[PDB]
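Source file: input_19.pdb. Holds: PDB, C-alpha atoms.
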```pdb
ATOM      1  CA  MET A   1      33.880 -11.341  42.775  1.00  0.00           C
ATOM      2  CA  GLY A   2      33.475 -10.238  39.170  1.00  0.00           C
ATOM      3  CA  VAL A   3      34.906  -7.218  37.367  1.00  0.00           C
ATOM      4  CA  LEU A   4      35.980  -6.403  33.811  1.00  0.00           C
ATOM      5  CA  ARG A   5      38.594  -3.936  32.565  1.00  0.00           C
ATOM      6  CA  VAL A   6      41.548  -3.389  30.232  1.00  0.00           C
ATOM      7  CA  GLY A   7      44.312  -5.968  30.522  1.00  0.00           C
ATOM      8  CA  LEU A   8      42.183  -8.881  31.702  1.00  0.00           C
ATOM      9  CA  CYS A   9      42.959 -10.497  28.348  1.00  0.00           C
ATOM     10  CA  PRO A  10      44.997  -9.900  25.164  1.00  0.00           C
ATOM     11  CA  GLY A  11      42.273  -8.188  23.156  1.00  0.00           C
ATOM     12  CA  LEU A  12      40.399  -5.439  24.984  1.00  0.00           C
ATOM     13  CA  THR A  13      41.863  -1.929  24.963  1.00  0.00           C
ATOM     14  CA  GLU A  14      41.597   1.131  27.207  1.00  0.00           C
ATOM     15  CA  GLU A  15      39.664   2.784  24.379  1.00  0.00           C
ATOM     16  CA  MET A  16      36.748   0.369  24.751  1.00  0.00           C
ATOM     17  CA  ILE A  17      36.795   1.004  28.500  1.00  0.00           C
ATOM     18  CA  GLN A  18      35.929   4.660  27.906  1.00  0.00           C
ATOM     19  CA  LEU A  19      32.920   3.682  25.794  1.00  0.00           C
ATOM     20  CA  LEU A  20      31.519   1.515  28.589  1.00  0.00           C
ATOM     21  CA  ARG A  21      32.242   4.113  31.271  1.00  0.00           C
ATOM     22  CA  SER A  22      30.198   6.576  29.214  1.00  0.00           C
ATOM     23  CA  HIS A  23      27.094   4.412  29.599  1.00  0.00           C
ATOM     24  CA  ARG A  24      27.919   3.801  33.262  1.00  0.00           C
ATOM     25  CA  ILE A  25      28.195   0.105  32.407  1.00  0.00           C
ATOM     26  CA  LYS A  26      28.354  -2.249  35.389  1.00  0.00           C
ATOM     27  CA  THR A  27      30.812  -5.049  36.158  1.00  0.00           C
ATOM     28  CA  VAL A  28      30.988  -8.397  34.362  1.00  0.00           C
ATOM     29  CA  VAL A  29      27.740  -9.152  36.190  1.00  0.00           C
ATOM     30  CA  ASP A  30      25.890  -6.694  33.954  1.00  0.00           C
ATOM     31  CA  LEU A  31      27.696  -7.966  30.857  1.00  0.00           C
ATOM     32  CA  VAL A  32      25.751 -11.211  31.254  1.00  0.00           C
ATOM     33  CA  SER A  33      22.705  -9.178  30.229  1.00  0.00           C
ATOM     34  CA  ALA A  34      24.477  -6.724  27.928  1.00  0.00           C
ATOM     35  CA  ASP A  35      24.374  -7.184  24.155  1.00  0.00           C
ATOM     36  CA  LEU A  36      27.819  -8.774  23.879  1.00  0.00           C
ATOM     37  CA  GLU A  37      26.573 -10.723  20.860  1.00  0.00           C
ATOM     38  CA  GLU A  38      25.668  -7.514  19.030  1.00  0.00           C
ATOM     39  CA  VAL A  39      28.603  -5.450  20.293  1.00  0.00           C
ATOM     40  CA  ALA A  40      31.028  -8.229  19.370  1.00  0.00           C
ATOM     41  CA  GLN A  41      29.829  -8.130  15.762  1.00  0.00           C
ATOM     42  CA  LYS A  42      29.842  -4.327  15.686  1.00  0.00           C
ATOM     43  CA  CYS A  43      33.487  -4.167  16.763  1.00  0.00           C
ATOM     44  CA  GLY A  44      34.328  -7.407  14.984  1.00  0.00           C
ATOM     45  CA  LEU A  45      35.551  -9.346  18.011  1.00  0.00           C
ATOM     46  CA  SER A  46      35.452 -13.085  18.710  1.00  0.00           C
ATOM     47  CA  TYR A  47      32.485 -13.986  20.912  1.00  0.00           C
ATOM     48  CA  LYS A  48      34.040 -17.433  21.329  1.00  0.00           C
ATOM     49  CA  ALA A  49      36.711 -15.875  23.543  1.00  0.00           C
ATOM     50  CA  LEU A  50      34.054 -14.192  25.681  1.00  0.00           C
ATOM     51  CA  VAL A  51      31.811 -17.233  26.119  1.00  0.00           C
ATOM     52  CA  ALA A  52      34.871 -19.294  27.041  1.00  0.00           C
ATOM     53  CA  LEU A  53      35.563 -17.032  30.019  1.00  0.00           C
ATOM     54  CA  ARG A  54      31.922 -17.130  31.114  1.00  0.00           C
ATOM     55  CA  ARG A  55      31.839 -20.934  31.092  1.00  0.00           C
ATOM     56  CA  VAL A  56      34.940 -20.984  33.297  1.00  0.00           C
ATOM     57  CA  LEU A  57      33.460 -18.463  35.729  1.00  0.00           C
ATOM     58  CA  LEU A  58      30.205 -20.392  36.116  1.00  0.00           C
ATOM     59  CA  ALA A  59      32.048 -23.719  36.082  1.00  0.00           C
ATOM     60  CA  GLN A  60      33.885 -22.802  39.283  1.00  0.00           C
ATOM     61  CA  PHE A  61      30.673 -21.500  40.850  1.00  0.00           C
ATOM     62  CA  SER A  62      29.019 -24.899  40.426  1.00  0.00           C
ATOM     63  CA  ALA A  63      29.700 -28.069  38.438  1.00  0.00           C
ATOM     64  CA  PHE A  64      26.035 -28.697  37.634  1.00  0.00           C
ATOM     65  CA  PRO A  65      23.950 -26.270  35.534  1.00  0.00           C
ATOM     66  CA  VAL A  66      22.076 -23.391  37.168  1.00  0.00           C
ATOM     67  CA  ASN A  67      20.628 -20.016  36.181  1.00  0.00           C
ATOM     68  CA  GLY A  68      21.818 -17.002  38.150  1.00  0.00           C
ATOM     69  CA  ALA A  69      19.731 -14.092  39.409  1.00  0.00           C
ATOM     70  CA  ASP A  70      19.796 -11.038  37.143  1.00  0.00           C
ATOM     71  CA  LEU A  71      18.086  -8.411  39.298  1.00  0.00           C
ATOM     72  CA  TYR A  72      16.850  -5.428  37.287  1.00  0.00           C
ATOM     73  CA  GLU A  73      19.380  -2.630  37.775  1.00  0.00           C
ATOM     74  CA  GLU A  74      18.071   0.100  35.472  1.00  0.00           C
ATOM     75  CA  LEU A  75      17.991   3.588  36.990  1.00  0.00           C
ATOM     76  CA  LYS A  76      15.984   6.287  35.214  1.00  0.00           C
ATOM     77  CA  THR A  77      18.321   9.087  36.289  1.00  0.00           C
ATOM     78  CA  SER A  78      15.884  11.789  35.183  1.00  0.00           C
ATOM     79  CA  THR A  79      14.425  14.977  36.657  1.00  0.00           C
ATOM     80  CA  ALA A  80      17.752  15.382  38.454  1.00  0.00           C
ATOM     81  CA  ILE A  81      19.492  18.542  39.658  1.00  0.00           C
ATOM     82  CA  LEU A  82      20.905  19.957  36.422  1.00  0.00           C
ATOM     83  CA  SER A  83      22.366  22.902  38.336  1.00  0.00           C
TER      84      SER A  83
END
```
Could you take the file, read its structure, and then write that structure out as structure tokens?
Amino acid sequence: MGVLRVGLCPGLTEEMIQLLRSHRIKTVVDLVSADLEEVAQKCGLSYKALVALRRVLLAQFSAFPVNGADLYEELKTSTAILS
């Protein structure tokens, strides 16, 4: 299980949650592909705190190193019923 939101850690705010919801951002799973490095600098956050959590998540999944499967989840969402 993997999900991100406001309150998970002393840093993120409900305000940022609205920004992600606007882009229909996915759970922490998608974050792995997101531009956390760029976003972190834009907002001025500490990427060190983010990477730390990731290492712990993967650490529990498996002691040894291993690359996960990032299946393409990009929906066009065009030519849809506007009315």
Please evaluate the PyMOL selection byres ((chain A and resi 59-69) around 12) against the structure above and give the resulting residues as a list in words.
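Residues picked by the PyMOL selection byres ((chain A and resi 59-69) around 12): residues 1, 2, 29, 30, 32, 33, 51, 52, 53, 54, 55, 56, 57, 58, 70, 71, 72 and 73 of chain A.
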Counting all atoms listed in the file, closest pick from A:34, A:43, A:81, A:3 relative to residue 16 (chain A) is A:43
Report the centre and edge lengths, in Å to one decimal, of an axis-aligned box enclosing every atom of region 45-57 of chain A listed in the file, padded by 6 Å on each side, as AutoDock Vina command-line options.
```
--center_x 34.3 --center_y -15.2 --center_z 26.9 --size_x 16.9 --size_y 23.6 --size_z 29.7
```
Expand the PyMOL selection byres ((chain A and resi 17) around 12) into the explicit residue set it covers here, and present it as a CSV table (one decimal) with C-alpha atoms, in the frame of the given file.
```csv
chain,number,residue,atom,x,y,z
A,4,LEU,CA,36.0,-6.4,33.8
A,5,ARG,CA,38.6,-3.9,32.6
A,6,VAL,CA,41.5,-3.4,30.2
A,7,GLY,CA,44.3,-6.0,30.5
A,8,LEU,CA,42.2,-8.9,31.7
A,11,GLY,CA,42.3,-8.2,23.2
A,12,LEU,CA,40.4,-5.4,25.0
A,13,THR,CA,41.9,-1.9,25.0
A,14,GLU,CA,41.6,1.1,27.2
A,15,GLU,CA,39.7,2.8,24.4
A,16,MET,CA,36.7,0.4,24.8
A,18,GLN,CA,35.9,4.7,27.9
A,19,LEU,CA,32.9,3.7,25.8
A,20,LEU,CA,31.5,1.5,28.6
A,21,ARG,CA,32.2,4.1,31.3
A,22,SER,CA,30.2,6.6,29.2
A,23,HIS,CA,27.1,4.4,29.6
A,24,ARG,CA,27.9,3.8,33.3
A,25,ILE,CA,28.2,0.1,32.4
A,26,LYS,CA,28.4,-2.2,35.4
A,27,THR,CA,30.8,-5.0,36.2
```
(message) Please report the interatomic distance between CA of residue 31 (chain A) and CA of residue 10 (chain A) in Å with one decimal.
(response)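 Between CA of residue 31 (chain A) and CA of residue 10 (chain A) the gap works out to 18.3 Å.
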- Query: CA of residue 35 (chain A) to CA of residue 50 (chain A): how many Å, to one decimal?
  - Reply: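 A separation of 12.0 Å between them.
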